[PDB]
Amino acid sequence: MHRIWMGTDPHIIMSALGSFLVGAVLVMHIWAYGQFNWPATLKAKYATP
Amino acid sequence: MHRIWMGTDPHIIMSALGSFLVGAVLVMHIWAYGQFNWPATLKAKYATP
Amino acid sequence: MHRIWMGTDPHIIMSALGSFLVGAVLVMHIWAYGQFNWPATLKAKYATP
Amino acid sequence: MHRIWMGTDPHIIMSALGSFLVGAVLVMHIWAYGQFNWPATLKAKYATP
Amino acid sequence: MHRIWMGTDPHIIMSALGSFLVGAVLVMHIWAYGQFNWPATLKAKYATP
Amino acid sequence: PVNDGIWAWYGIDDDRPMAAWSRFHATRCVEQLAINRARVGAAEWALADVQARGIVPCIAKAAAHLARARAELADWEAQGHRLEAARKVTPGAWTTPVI
Amino acid sequence: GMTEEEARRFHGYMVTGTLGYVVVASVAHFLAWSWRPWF
Amino acid sequence: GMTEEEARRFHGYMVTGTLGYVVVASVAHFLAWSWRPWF
Amino acid sequence: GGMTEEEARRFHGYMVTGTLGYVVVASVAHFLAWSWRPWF
Amino acid sequence: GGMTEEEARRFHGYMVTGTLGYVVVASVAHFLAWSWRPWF
Amino acid sequence: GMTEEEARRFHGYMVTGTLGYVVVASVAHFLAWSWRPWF
Amino acid sequence: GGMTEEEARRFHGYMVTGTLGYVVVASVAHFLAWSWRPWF
Amino acid sequence: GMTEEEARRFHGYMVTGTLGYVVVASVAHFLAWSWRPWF
Amino acid sequence: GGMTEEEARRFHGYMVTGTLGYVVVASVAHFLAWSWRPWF
Amino acid sequence: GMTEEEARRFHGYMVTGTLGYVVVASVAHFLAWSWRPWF
Amino acid sequence: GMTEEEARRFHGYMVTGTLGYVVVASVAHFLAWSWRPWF
Amino acid sequence: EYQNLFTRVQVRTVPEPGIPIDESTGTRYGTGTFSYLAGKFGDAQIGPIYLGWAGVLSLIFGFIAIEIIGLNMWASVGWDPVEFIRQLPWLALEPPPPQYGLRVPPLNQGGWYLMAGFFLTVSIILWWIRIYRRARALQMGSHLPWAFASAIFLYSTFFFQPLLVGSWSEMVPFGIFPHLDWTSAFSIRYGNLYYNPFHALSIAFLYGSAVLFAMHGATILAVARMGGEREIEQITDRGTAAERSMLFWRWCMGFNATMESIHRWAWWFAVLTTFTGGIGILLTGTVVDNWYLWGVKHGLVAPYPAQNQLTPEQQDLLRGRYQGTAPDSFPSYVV
Amino acid sequence: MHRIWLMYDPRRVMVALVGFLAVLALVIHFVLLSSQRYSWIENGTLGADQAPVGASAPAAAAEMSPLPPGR
Amino acid sequence: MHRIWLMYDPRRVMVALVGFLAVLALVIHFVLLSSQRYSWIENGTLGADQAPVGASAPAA
Amino acid sequence: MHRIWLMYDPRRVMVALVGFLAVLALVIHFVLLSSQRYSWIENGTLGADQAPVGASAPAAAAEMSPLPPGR
Amino acid sequence: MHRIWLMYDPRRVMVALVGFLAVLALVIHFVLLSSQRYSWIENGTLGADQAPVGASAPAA
Amino acid sequence: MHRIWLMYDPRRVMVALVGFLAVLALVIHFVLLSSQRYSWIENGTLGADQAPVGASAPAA
Ligand code: BCL
Ligand SMILES: CC[C@H]1c2cc3[nH]c4c(c3C)C(=O)[C@H](C(=O)OC)c4c3nc(cc4[nH]c(cc(n2)[C@@H]1C)c(C(C)=O)c4C)[C@@H](C)[C@@H]3CCC(=O)OC/C=C(\C)CCC[C@H](C)CCC[C@H](C)CCCC(C)C
Ligand SMILES: COC(C)(C)C/C=C/C(C)=C/C=C/C(C=O)=C/C=C/C(C)=C/C=C/C=C(C)/C=C/C=C(\C)CC/C=C(C)/C=C/C=C(\C)C(=O)O
Ligand SMILES: COC(C)(C)C/C=C/C(C)=C/C=C/C(C=O)=C/C=C/C(C)=C/C=C/C=C(C)/C=C/C=C(\C)CC/C=C(C)/C=C/C=C(\C)C(=O)O
Ligand SMILES: COC(C)(C)C/C=C/C(C)=C/C=C/C(C=O)=C/C=C/C(C)=C/C=C/C=C(C)/C=C/C=C(\C)CC/C=C(C)/C=C/C=C(\C)C(=O)O
Ligand SMILES: COC(C)(C)C/C=C/C(C)=C/C=C/C(C=O)=C/C=C/C(C)=C/C=C/C=C(C)/C=C/C=C(\C)CC/C=C(C)/C=C/C=C(\C)C(=O)O
Ligand SMILES: COC(C)(C)C/C=C/C(C)=C/C=C/C(C=O)=C/C=C/C(C)=C/C=C/C=C(C)/C=C/C=C(\C)CC/C=C(C)/C=C/C=C(\C)C(=O)O
Ligand SMILES: COC(C)(C)C/C=C/C(C)=C/C=C/C(C=O)=C/C=C/C(C)=C/C=C/C=C(C)/C=C/C=C(\C)CC/C=C(C)/C=C/C=C(\C)C(=O)O
Ligand SMILES: COC(C)(C)C/C=C/C(C)=C/C=C/C(C=O)=C/C=C/C(C)=C/C=C/C=C(C)/C=C/C=C(\C)CC/C=C(C)/C=C/C=C(\C)C(=O)O
Ligand SMILES: COC(C)(C)C/C=C/C(C)=C/C=C/C(C=O)=C/C=C/C(C)=C/C=C/C=C(C)/C=C/C=C(\C)CC/C=C(C)/C=C/C=C(\C)C(=O)O
Ligand SMILES: COC(C)(C)C/C=C/C(C)=C/C=C/C(C=O)=C/C=C/C(C)=C/C=C/C=C(C)/C=C/C=C(\C)CC/C=C(C)/C=C/C=C(\C)C(=O)O
Ligand SMILES: COC(C)(C)C/C=C/C(C)=C/C=C/C(C)=C/C=C/C(C)=C/C=C\C=C(C)\C=C\C=C(C)\C=C\C=C(C)\C=C\CC(C)(C)OC
Ligand SMILES: CCCCCCCCCCCCO[C@@H]1O[C@H](CO)[C@@H](O[C@H]2O[C@H](CO)[C@@H](O)[C@H](O)[C@H]2O)[C@H](O)[C@H]1O
Ligand SMILES: [Fe+3]
């Protein structure tokens with residue numbers, strides 16, 4: 001399966017994968033903060049009475 | 001795993017990493033100050049009536 | 001670790017570092033003067049009624 | 001530590017330092033006059049009613 | 001200590017110092033006349049009703 | 001820039017000195033070598049004509065122009081040698097030589 | 001571009017990184033599921 | 001004349017400057033978002 | 001141009017050391033933060 | 001026209017230092033403007 | 001253009017005239033401030 | 001060219017010493033600040 | 001620019017001027033503190 | 001080519017003398033002013 | 001013009017760039033549709 | 001282009017004429033101020 | 001096919017013209033220079049100018065006129081330099097109030113206007129003299145100063161028609177949009193200037209000037225490859241470029257000019273634009289006060305069906321008054 | 001299908017492509033920004049149900065007209 | 001990927017890029033400055049709850 | 001990074017830079033000077049709590065039913 | 001750093017400087033003269049307490 | 001300082017100086033003549049205690 005990487009460039013591949021992971025993780029967290037009501041429960045816990 | 005550095009320049013690496021860390025740390029603090037009630041509770045402690 | 005400075009110009013390093021410190025220190029004092037209510041309590045101490 | 005001066009010009013270093021001190025001192029006094037209520041108490045002492 | 005003057009022109013130095021002294025003296029007098037209520041008390045001593 | 005013209009605004013510039021292989025710079029170089037050799041030929045013909053009719057201030061300028069044409073040609077010959085060296089060491093480059 | 005032996009060496013690390021990343025994320029989801037299950 | 005070494009050297013700075021520029025802009029956007037969200 | 005493998009091996013050792021140091025200091029920071037204001 | 005790498009390195013020393021010094025002055029100007037009348 | 005000696009000689013006057021100009025401007029501003037402050 | 005290995009080796013020693021000096025002074029500053037107006 | 005011996009001379013005066021300035025400023029702050037203490 | 005070392009050393013003696021003479025006259029002025037209208 | 005090898009090598013980049021760009025645009029539309037659908 | 005001594009001669013006139021004009025304008029302002037002060 | 005619309009190869013000459021033809025008194029000011037941008041479209045030399053006594057005085061008188069206008073405009077926004085640039089096209093220096101007639105008005109109510117108008121007029125006359133002297137010094141015919149005299153004639157009618165109707169208030173305000181406001185209100189006051197026959201004629205020559213220069217410009221460019229732009233040599237030593245130019249127009253519209261005489265058609269069309277214009281202005285308000293009614297009298301006005309019909313009591317009710325003076329008080333209405 | 005490129009300078013193709021995308025992107029953004037529904041700088045914080053929707057009908061009183069009378 | 005700098009002159013692409021970023025930045029700042037929501041020079045000190053919002057649908 | 005000055009004539013760079021900074025500085029001052037909050041020549045002596053602020057979103061009902069100003 | 005005058009012809013710089021300073025000085029003076037507070041030709045003899053101030057926020 | 005006249009032609013500088021000063025003098029006189037306080041052709045005889053000031057009368 002390694003034979004897919006021949007003819008490619010490691011730094012280009014790692015840049016493309018790294019930019020993907022940054023974007024996916026950020027999209028997933030900002031989505032998840034909307035659904036799970038966190039950190040909104042954290043903010044309410046320490047908020048001023 | 002060091003071979004990833006071959007053909008790179010250390011100053012290019014340290015500037016890229018240095019940028020990323022400065023950005024991440026700033027975003028994390030600005031975020032945290034809105035979730036945790038701080039410095040807002042610090043400010044309220046020493047505020048004038 | 002000293003090898004990181006090889007090929008640099010020491011005046012550019014000191015210029016960059018000194019400029020970062022000035023801006024960081026200024027931002028910190030604006031911020032701290034806000035949260036800690038000082039010199040606001042100093043001004044009130046010596047103000048004329 | 002004296003090697004930091006190698007390649008520099010004394011008249012640039014003195015000009016830059018002197019300009020900094022002039023600015024810093026004037027900023028500090030005009031700030032301090034605002035906080036300490038002086039010369040305001042001096043002016044009040046000799047004011048004509 | 002004298003060596004700082006090397007490569008300068010004494011006419012330049014005496015112009016620069018002379019300008020600074022004229023400036024600083026005038027600013028100090030403009031300021032002092034505000035704080036010390038003088039010549040305002042002198043003018044009142046001889047004013048016609 | 002006379003050759004790339006408007007495309008120099010977008011950073012196409014095939015005249016600039018090049019030492020890696022580049023088929024675009026090699027193309028420009030082969031075109032400009034022919035033009036400049038013809039231009040050197042015309043410049044030295046014009047000197048021969050104006051020497052024959054003997055007009056002194058014109059002979060001076062014709063020689064000055066010829067020297068400039070030789071110098072502008074020599075720059076393209078230098079570019080041709082750089083690219084031809086790079087051709088021999090680079091896979092998939094041209095089979096016909098530059099210069 | 002990259003040769004067949006360099007690709008072999010690349011592939012070993014790439015699989016190692018991928019499996020490590022998935023393992024950590026698996027722990028993260030086990031924790032998240034314990035804290036706030038989503039079905 | 002320009003070598004492939006010079007091209008690779010220049011490309012490193014170009015990538016680094018692009019990344020640093022994107023970092024600063026990302027902090028600027030998050031500051032603006034914290035101040036006044038546009039969604 | 002750029003780092004040789006012998007430089008890359010040397011550079012990697014410091015990069016790992018700094019990264020682990022930074023993570024250790026951040027781990028202390030989070031232990032203090034959790035002791036002060038738990039977030040879950 | 002010529003421009004050697006030592007001339008470029010000498011020029012870079014001034015161009016960076018002048019740039020940073022100007023940004024430092026501007027930073028004090030913003031420090032003064034903010035303490036007079038904050039915009040956020 | 002200039003010799004370096006001409007540049008040295010010129011620069012001293014240029015610095016002096018700039019400093020003289022700034023001195024007069026500083027007095028002009030403090031007169032104006034004492035007459036009618038803008039902050 | 002740029003700074004040599006041996007210049008860098010001694011530059012580093014002063015850079016470290018200067019940095020530690022700054023951090024020591026900042027430590028006294030924070031200790032005095034905490035005595036005066038603690039923030040947690 | 002300055003040679004290593006010129007830099008050694010120049011540094012000695014810089015240290016001296018800086019410390020003397022800080023001494024005078026320290027006396028000023030002691031006087032200011034005795035007059036209108038700010039904490 | 002500007003002031004030599006021997007010129008600079010001679011110039012420095014007048015500069016020091018004039019500066020001290022100015023400070024002396026200013027000290028008298030401040031003594032008189034203090035006795036006239038003290039400011040602290 | 002260019003050898004068949006170069007037109008093929010170029011076509012590989014053009015196809016890949018087009019599809020990578022269309023993927024990023026697909027996510028942008030996924031986000032826009034989540035925020036304010038237009039049908 | 002003047003000789004250095006010839007520029008020196010012109011400079012003498014030029015400075016003196018300038019200061020003479022400033023002197024006349026100073027007296028004009030003394031008269032204007034006495035007639036109708038603007039501060 | 002090459003269009004000859006811009007020059008891909010310019011040539012420099014190191015010595016230059018611009019040192020004039022033998023010219024006698026006055027002085028050549030500056031040294032000649034080349035603009036590469038000027039060289040793209042036309043001849044590249046940007047270079048020395050001649051003034052003499054009349055040119056110097058014209059610039060002095062004209063500069064004062066420009067200063068008076070600008071200073072009044074700038075005063076009219078309270079010396080605000082931002083509003084001076086922001087509002088510039090709406091600013092004016094405005095003629096005197098109508099009640100003064102031809103008498104001298106107050107300084108801020110048209111006195112500056114008449115001053116600026118006077119110095120501008122003197123400056124224009126001195127410029128005409130400067131051009132006249134220069135044409136003769138270069139040993140040329142006097143065609144250009146008489147062409148310029150036609151423009152000056154129209155300009156002078158913006159003084160003489162206000163003089164003839166008896167009030168400086170009727171003059172044109174100095175200002176970009178304000179002088180267009182005057183241009184519209186002039187046509188309104190005098191009952192639609194389209195029916196002024198000299199205005200109609202002036203338009204016929206203004207349009208004809210564009211027709212001729214489009215035709216002549218295109219014609220010469222169309223034969224420029226055959227040397228047709230060397231017009232003086234085509235006049236003294238007719239070439240095939242001139243013959244083809246004559247045959248084109250002959251075969252197109254049945255008659256043709258010559259390479260010389262087309263420049264007379266050009267000269268008279270331009271000159272008659274402003275000459276007929278000036279006559280129309282001078283007739284307005286002095287001989288005819290409503291040009292539409294003059295059109296009705298002389299049969300110019302096409303009939304349309306009536307859009308409304310008045311009854312006799314409406315004819316008395318709907319007459320207004322002529323506009324009078326503005327109210328010089330702020331009435332209270334309380335009782 | 002790659003033989004399409006043999007006719008073209010690839011540098012010029014890329015400059016042609018980038019210019020096309022830049023214009024198209026700006027046109028689509030300015031169209032949306034000029035709409036009511038997607039005027040996101042003013043109204044981006046509205047929820048999807050709160051955002052404007054074009055009228056399924058207009059309405060009037062019988063004596064009203066948007067346009068003046070005339071032939 | 002660095003081979004594009006043999007295809008294109010770095011000296012000329014850099015100038016074009018700096019120009020493009022300057023124009024785009026100024027356009028976006030002035031678009032925001034002209035809006036109600038982001039007229040930050042006049043209203044920057046308002047809290048996010050207090051800042052203007054473009055009118056909603058009447059939901060009727 | 002210094003090799004950027006091998007690539008560009010520094011005489012051209014510095015002139016372009018100073019021209020850019022001058023125009024930017026002018027623009028920012030004149031933008032501020034035309035605002036109400038930072039009309040500093042007229043209102044610079046006001047304290048920050050007294051300086052103008054651009055108006056909020058309305059009172060949340062966004063609706064009218066008033067009572068007169070007192071006579 | 002007098003060698004600045006080697007890369008830039010001071011004959012050009014001093015003309016550019018004086019032109020800039022002249023125009024900027026005039027702009028500042030006319031901006032002030034146009035303002036209410038600093039209209040010194042009409043109102044320069046008023047004292048600092050009598051000089052105009054631009055309007056505050058309405059609650060102030 | 002006299003070497004300024006080597007760097008610049010004094011024949012050019014004096015004409016520029018004369019032109020600048022004449023225009024500046026003309027502008028300043030026009031500005032003053034345009035004011036109320038210094039409308040000296042109409043009001044120069046008034047005397048300083050009854051010359052105009054740019055303020056509104058107290059109690060209207
Ligand atoms: C060629 C010389 C080097 C240089 C060499 C040094 C040295 C050596 C020291 C500093 C230090 C400082 N530098 Mg540095 N620094 C340079 C350029 C800069 C620039 C800039 C815009 O380029 C800035 C903002 C700074 C800023 C600063 C401060 C953060 C810091 C405290 C002193 C101070 O306030 O100086 C403000 C000054 C300016 C804004 C301009 C003039 C710079 C002068 C040369 C600074 C050093 C002189 C000063 C008297 C201290 C010397 C003490 C020694 C015991 C003799 N430097 C140049 C490039 N800098 C000190 C430090 O780290 O303290 C903890 C220190 O000891
Ligand atoms: C045949 C009719 C057409 C016509 C023709 C025409 N106009 C002409 C001519 C001709 C044939 C000229 O020869 C003449 C000319 O010079 O052309 C270049 C002119 C002219 N047509 C002009 C304008 C003009 N023509 C117009 C129209 C028309 N011109 C008609 C369409 C219009 C319109 C449509 O509104 C305008 C605005 C002028 C460009 C010019 C006459 C120039 C003139 O008289 O200038 C007088 C001078 C001034 C106003 C002062 C300028 C002040 C400087 C800026 C000051 C600088 C400082 C100075 C150096 C200070 C002094 C110091 C001293 C010590 C030196
Ligand atoms: C919420 O609603 C919606 C959004 C709809 C929900 C749905 C979301 C969906 C569908 C998500 C899908 C996600 C996904 C899909 O697959 C996610 C896929 C994730 C993946 C693939 C992760 C892989 C990570 C791999 C890593 C970290 C590798 C690291 C490698 C390292 C460190 C080695 C580096 C060094 C090298 C190489 C050099 C070696 C030596 C060399 C070369 C030498 O010596 O020469
Ligand atoms: C109203 O709203 C509307 C407008 C309607 C909404 C829509 C908006 C839209 C559609 C926006 C689109 C934006 C966009 C799209 O792509 C935006 C894309 C932006 C991009 C790509 C930015 C890239 C920036 C890169 C930078 C800064 C790089 C800097 C590099 C530096 C500093 C190093 C230089 C080299 C050096 C120093 C070394 C020399 C060495 C040499 C020579 C040697 O060593 O030899
Ligand atoms: C709040 O909501 C949201 C935001 C959504 C929440 C989620 C946030 C998320 C997802 C965060 C993710 C963060 C993250 C992800 O990876 C974070 C990753 C962080 C990392 C990697 C940190 C690494 C730091 C490394 C450092 C400091 C190294 C220092 C090295 C030093 C000092 C040595 C220098 C000297 C050398 C090298 C020697 C030269 C020798 C030479 C040249 C020679 O010898 O020749
Ligand atoms: C309010 O609404 C809107 C307005 C819309 C919001 C705004 C929006 C935007 C988009 C703002 C953008 C800002 C911006 C973006 O980049 C701003 C960027 C600014 C920058 C980079 C500034 C850089 C300044 C650098 C300077 C001054 C350098 C000085 C150099 C000196 C002094 C050196 C002298 C010595 C030399 C030369 C050497 C001689 C040779 C010697 C000695 C030898 O050879 O020996
Ligand atoms: C309404 O408010 C808004 C406008 C909105 C607010 C905003 C305002 C803004 C943005 C302001 C910005 C200001 C600014 C910068 O930008 C301001 C910059 C100011 C500067 C740099 C001033 C410098 C002056 C220097 C002078 C005068 C030098 C004179 C030198 C002389 C006389 C000597 C000449 C040489 C001689 C005699 C020797 C010859 C020898 C020779 C030849 C030899 O020896 O050979
Ligand atoms: C409020 O809310 C928010 C903002 C969010 C809160 C959060 C804030 C955050 C996250 C802050 C983070 C701060 C930070 C992080 O790292 C801060 C880091 C600061 C640092 C690194 C400081 C370093 C200082 C170093 C100094 C002073 C060194 C001086 C050296 C000197 C004087 C010696 C000079 C001579 C040398 C070198 C040799 C000469 C040459 C020789 C011999 C030769 O050439 O041979
Ligand atoms: C209010 O709120 C906010 C503002 C936020 C509050 C905070 C404010 C802050 C942070 C302020 C400042 C902090 C600071 C930080 O470091 C301040 C730093 C101050 C410093 C460093 C002062 C240094 C002074 C040095 C002097 C006087 C040196 C004089 C040298 C002389 C006289 C010698 C001359 C002769 C020579 C050289 C000849 C040599 C021989 C030669 C050449 C030969 O022989 O050849
Ligand atoms: C009100 O609120 C605020 C304003 C905030 C309050 C705060 C104010 C502050 C901070 C003030 C600070 C002031 C200050 C700080 O240092 C002030 C410093 C002042 C100084 C240094 C004065 C020095 C004067 C020196 C003089 C007069 C020298 C004269 C020399 C003469 C006559 C000799 C002539 C002969 C020569 C030369 C020989 C030629 C021989 C030759 C050539 C040969 O022989 O070759
Ligand atoms: C009124 O209705 C309205 C509102 C208007 C609505 C309707 C709108 C309508 C009708 C829209 C239509 C849109 C449309 C229709 O076709 C749109 C079509 C769009 C298309 C085709 C997009 C294609 C994008 C392709 C890209 C990005 C490719 C990038 C390629 C790259 C990155 C490779 C670079 C590699 C190189 C250089 C080699 C380096 C390696 C080297 C050198 C090596 O290895 O050596
Ligand atoms: C400091 O310098 C500054 C910055 C102020 C310089 C800048 C100046 C600026 C910005 C100037 C701007 C000028 C503009 C925009 C002018 C626009 C002019 C326009 C569009 C004019 C258009 C038409 C004007 C006409 C037709 C005027 C004709 C006037 C005539 C014919 C007047 C004749 C008057 C006579 C003969 C007066 C005789 C005097 C006597 C005593 C006999 O009175 C009748
Ligand atoms: C526009 C209003 C101007 C009002 C002017 C008021 C009068 C000013 C002139 C005062 C006359 C005396 O002033 C003095 O004249 C002499 C010549 O006599 C000038 O002398 C100048 O030329 C002579 C040779 O002729 C040189 O040797 C000398 O070095 C040079 O300075 C002086 O530079 C000037 O200072
Ligand atoms: Fe013709």
# chains A, B, ... in the order shown; residues from 1 in each chain; ligands from 1
>>> residues_around(residues="range 32-36 of chain D", least_positions_apart="2", cutoff="12 Å", atoms="only C-alpha atoms", output="PyMOL selection string")
(chain C and resi 38-48) or (chain D and resi 24-30+38-42) or (chain M and resi 32-33+35-39)
>>> calpha_fit_and_write(fixed="chain M", moving="chain O", output="PDB file with C-alpha atoms, in the first residue's frame")
ATOM      1  CA  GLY O   1      32.075  49.991  12.667  1.00  0.00           C
ATOM      2  CA  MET O   2      34.415  50.180  15.652  1.00  0.00           C
ATOM      3  CA  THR O   3      37.165  48.076  17.214  1.00  0.00           C
ATOM      4  CA  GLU O   4      36.432  45.806  20.185  1.00  0.00           C
ATOM      5  CA  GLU O   5      38.424  48.204  22.392  1.00  0.00           C
ATOM      6  CA  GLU O   6      36.043  51.060  21.568  1.00  0.00           C
ATOM      7  CA  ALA O   7      32.845  49.041  22.037  1.00  0.00           C
ATOM      8  CA  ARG O   8      34.150  47.973  25.462  1.00  0.00           C
ATOM      9  CA  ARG O   9      35.150  51.538  26.382  1.00  0.00           C
ATOM     10  CA  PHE O  10      31.699  52.720  25.264  1.00  0.00           C
ATOM     11  CA  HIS O  11      29.881  49.957  27.183  1.00  0.00           C
ATOM     12  CA  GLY O  12      31.663  51.059  30.358  1.00  0.00           C
ATOM     13  CA  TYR O  13      30.213  54.560  29.992  1.00  0.00           C
ATOM     14  CA  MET O  14      26.728  53.303  29.067  1.00  0.00           C
ATOM     15  CA  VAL O  15      26.527  50.965  32.073  1.00  0.00           C
ATOM     16  CA  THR O  16      27.900  53.651  34.406  1.00  0.00           C
ATOM     17  CA  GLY O  17      25.603  56.353  33.029  1.00  0.00           C
ATOM     18  CA  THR O  18      22.558  54.086  33.267  1.00  0.00           C
ATOM     19  CA  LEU O  19      23.322  53.128  36.874  1.00  0.00           C
ATOM     20  CA  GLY O  20      24.155  56.688  37.932  1.00  0.00           C
ATOM     21  CA  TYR O  21      20.874  57.881  36.424  1.00  0.00           C
ATOM     22  CA  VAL O  22      18.936  55.056  38.120  1.00  0.00           C
ATOM     23  CA  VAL O  23      20.557  56.016  41.445  1.00  0.00           C
ATOM     24  CA  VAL O  24      19.403  59.640  41.094  1.00  0.00           C
ATOM     25  CA  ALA O  25      15.920  58.406  40.163  1.00  0.00           C
ATOM     26  CA  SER O  26      15.988  56.160  43.246  1.00  0.00           C
ATOM     27  CA  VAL O  27      16.515  59.198  45.478  1.00  0.00           C
ATOM     28  CA  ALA O  28      13.764  61.107  43.662  1.00  0.00           C
ATOM     29  CA  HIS O  29      11.363  58.233  44.391  1.00  0.00           C
ATOM     30  CA  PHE O  30      12.576  58.076  48.003  1.00  0.00           C
ATOM     31  CA  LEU O  31      11.675  61.766  48.337  1.00  0.00           C
ATOM     32  CA  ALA O  32       8.327  61.408  46.543  1.00  0.00           C
ATOM     33  CA  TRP O  33       7.441  58.383  48.694  1.00  0.00           C
ATOM     34  CA  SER O  34       8.265  60.328  51.869  1.00  0.00           C
ATOM     35  CA  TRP O  35       5.941  63.132  50.745  1.00  0.00           C
ATOM     36  CA  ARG O  36       2.941  61.218  49.388  1.00  0.00           C
ATOM     37  CA  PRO O  37       3.207  57.408  49.156  1.00  0.00           C
ATOM     38  CA  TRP O  38       1.216  55.750  46.380  1.00  0.00           C
ATOM     39  CA  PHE O  39       0.637  52.330  48.006  1.00  0.00           C
TER      40      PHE O  39
END
>>> residues_near_ligand(ligand="ligand 10", cutoff="6 Å", atoms="only C-alpha atoms and all ligand atoms", output="NGL selection string")
(:D and (26 or 29)) or (:E and (10 or 28 or 31)) or (:N and (7 or 10-11 or 14-15 or 18-19 or 22))
>>> select_by_dssp(residues="chain D", states="alpha helix (DSSP H)", output="ChimeraX atom specification")
/D:10-36,40-46
>>> write_last_selection(atoms="C-alpha atoms", output="tab-separated table (two decimals), in the first residue's frame")
chain	number	residue	atom	x	y	z
D	10	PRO	CA	27.91	55.85	19.46
D	11	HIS	CA	25.99	58.81	18.04
D	12	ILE	CA	23.09	56.60	16.94
D	13	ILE	CA	23.02	54.81	20.31
D	14	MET	CA	23.14	58.12	22.21
D	15	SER	CA	20.51	59.69	19.94
D	16	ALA	CA	18.12	56.75	20.32
D	17	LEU	CA	18.59	56.49	24.09
D	18	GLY	CA	18.28	60.25	24.57
D	19	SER	CA	15.09	60.35	22.49
D	20	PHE	CA	13.62	57.49	24.53
D	21	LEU	CA	14.45	59.18	27.84
D	22	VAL	CA	12.97	62.52	26.74
D	23	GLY	CA	9.74	60.81	25.71
D	24	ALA	CA	9.54	58.52	28.75
D	25	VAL	CA	10.24	61.30	31.27
D	26	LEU	CA	7.65	63.65	29.76
D	27	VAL	CA	5.04	60.87	29.58
D	28	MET	CA	5.79	59.94	33.21
D	29	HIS	CA	5.51	63.51	34.52
D	30	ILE	CA	2.28	64.34	32.69
D	31	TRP	CA	0.81	61.07	33.97
D	32	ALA	CA	2.09	61.74	37.51
D	33	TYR	CA	0.71	65.30	37.58
D	34	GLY	CA	-2.69	63.81	36.74
D	35	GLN	CA	-2.55	61.26	39.56
D	36	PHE	CA	-0.82	63.13	42.40
D	40	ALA	CA	-2.69	71.59	41.45
D	41	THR	CA	-2.16	72.01	45.21
D	42	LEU	CA	0.68	74.45	44.45
D	43	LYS	CA	-1.62	76.49	42.19
D	44	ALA	CA	-4.40	76.43	44.81
D	45	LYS	CA	-2.04	77.68	47.54
D	46	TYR	CA	-1.08	80.89	45.69
>>> residues_near_ligand(ligand="ligand 6", cutoff="7 Å", atoms="only C-alpha atoms and all ligand atoms", output="ChimeraX atom specification")
/J:7,10-11,14-15,17-19,22 /S:22,25-26,29-30 /T:14,17-18,21,24,27-28,31 /U:1-4,7
